[PDB]
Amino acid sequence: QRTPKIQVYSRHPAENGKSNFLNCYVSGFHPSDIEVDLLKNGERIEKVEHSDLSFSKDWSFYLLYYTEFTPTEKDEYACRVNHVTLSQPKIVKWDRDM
């Protein structure tokens, strides 16, 4: 059993007040069931979509979750992921420099 790697990042370089896409890429996990939410100030964003399930050469799965969003100074974004390999949900904050 393999626990997910998680990256949170925007499709384009962030600029406050400019329409963009927020991404949470989960990868390297097995088995395939996984729960991923994008959070805005601790709160689940509703209209989130994901890519079709696929996997890497080592058989581990990956998915991209994404939503359209307009970033601001005050709003803090994160990605929350749960999986069988995890006792508690892992949470990764969006840092514009990562």
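All residue numbers refer to positions in the sequence shown, first residue = 1.
Taking the mean C-alpha B-factor of each stretch as recorded, 38-46 and 52-60 are not equal, and the higher mean is that of 38-46. The question of which stretch, 25-33 or 67-75, has the higher mean Cα B factor is settled in favour of 67-75. Ranked against the other modelled residues of its chain, the C-alpha B-factor of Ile6 as given in the entry falls in the lowest third. Residue-level temperature factors show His12 in the middle third of its chain, judged at the C-alpha atom.
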